[PDB]
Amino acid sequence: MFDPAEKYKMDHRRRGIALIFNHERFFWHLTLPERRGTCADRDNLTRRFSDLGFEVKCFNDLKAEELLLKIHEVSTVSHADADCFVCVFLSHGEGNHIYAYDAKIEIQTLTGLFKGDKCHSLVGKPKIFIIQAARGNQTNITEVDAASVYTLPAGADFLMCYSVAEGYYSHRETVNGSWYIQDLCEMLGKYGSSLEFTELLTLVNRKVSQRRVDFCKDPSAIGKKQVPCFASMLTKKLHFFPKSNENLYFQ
């Protein structure tokens, strides 16, 4: 009885945790610029994921040790009564690495903690990473960084979501925030609770790709297009239909 329209079971007591690691400033001796606007991204994400039933937990400018402890903590707690897990990185990156305040961390070792073997309570549930990271170039200006972070897959039932692909450029407005996150959050608002999540990510691909980069206040930022992507190792359709929270304990 194989079913072409099979959906992840999204009828657990709680939706699950959304981690947001939010990096604005960095240790001097890394020579990485401030990410003015990242707080807009953090607040906009916090709102949109809250309205889909997520317990949102943000962390600002953690050092590598603090970050690994927080994410390892979340990996070893039980998700048995949760639909899924979301983890978001708003920082700089290079290749396999995201930047904490003080050093780079290997993306594989963060996704590794939620692989079937290591986190039994999430086996067969979606694990979604969203990554707004690129190379630190060094009122509301638009700053532009080169793509730097490999569009890695992870394991079964992971969905890796990337602001920007190889050869393209990632944009951050210093008040309104990152183009990717603005359009992700807009689509979550309008369509989170109806559309299959990859159909939604495809709309974000259209929205960001269609943003015009022909008439810019900085000449050198012209023709620097932005195309995001996602790498899906998902095995079923993924929906965030409103949960039935009437006369039930969801804490």
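Numbering starts at 1 and runs along the sequence shown.
The stretch 217-225 shows the higher mean C-alpha B-factor when 54-62 is compared against 217-225 in the entry. The PDB entry records a higher mean C-alpha B factor for 238-246 than for its counterpart among 8-16 and 238-246. Highest C-alpha temperature factor among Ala165, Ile98, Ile128, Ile141, as the PDB entry reports it: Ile141. Per the PDB record, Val175 has a higher Cα B-factor than any other of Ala147, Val86, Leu90, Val175.
Compared with the other modelled residues of the chain, the Cα B-factor recorded for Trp28 ranks in the highest third. For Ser170, the recorded CA temperature factor ranks within the middle third of the chain's modelled residues. Annotation for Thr198: C-alpha temperature factor in the lowest third relative to the rest of the modelled chain, per the entry. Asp117: CA B factor in the highest third of modelled residues in this chain (values from the PDB entry). Ranked by Cα temperature factor within the chain, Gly136 sits in the highest third according to the deposited record.
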